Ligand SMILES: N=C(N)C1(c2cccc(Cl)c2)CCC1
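Starting off, we have a lone chain in the form deposited without this ligand, written out as structure tokens.
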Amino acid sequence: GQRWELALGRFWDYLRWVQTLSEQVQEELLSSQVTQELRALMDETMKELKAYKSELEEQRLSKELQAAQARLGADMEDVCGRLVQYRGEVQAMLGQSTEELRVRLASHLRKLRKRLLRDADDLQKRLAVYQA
């Protein structure tokens, strides 16, 4: 276990739910609830990571960590941006079927998640070294 790791897992779990694009997710995507929920989980994750690095200081590499940290932050934002895009494309469809939009979202979302996953594992690996 590890605080920032647990917070990241909550964001992770939340996003995996969104990926399902179930009825409740779809309702929520058309409000700002999903992106607000994610923004909070994202903020918590970044807060904990900052506290964690700060404490690790007490036991080039810093700029590589700061940037792997940045990658994660940008990946989380990219996801939300894609979610905002979806709400807008739905509005633009003027009530017309969104199934096609959802197929496309799911596939893109899957890739943005794969990215986030690889940047979190990298960040973890650098930390595991910074550890000791």
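We number the residues from 1 along the sequence you see.
One more form of this protein exists, namely the form deposited with this ligand bound; it is left out here, but the text below deals with it.
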* Does the 4.5 Å heavy atom contact test between residue 19 and this ligand in the deposited bound form come out positive? -> no
* Should residue 23 be counted as a contact of this ligand in the deposited bound form, where contact means heavy atoms within 4.5 Å? -> no
* residue 109 near this ligand in the deposited bound form, any heavy atom under 4.5 Å? -> no
* Using the arrangement in the deposited bound form, list in sequence order the residues of 106 to 129 with any heavy atom within 4.5 angstroms of this ligand. => 117, 120, 121, 124
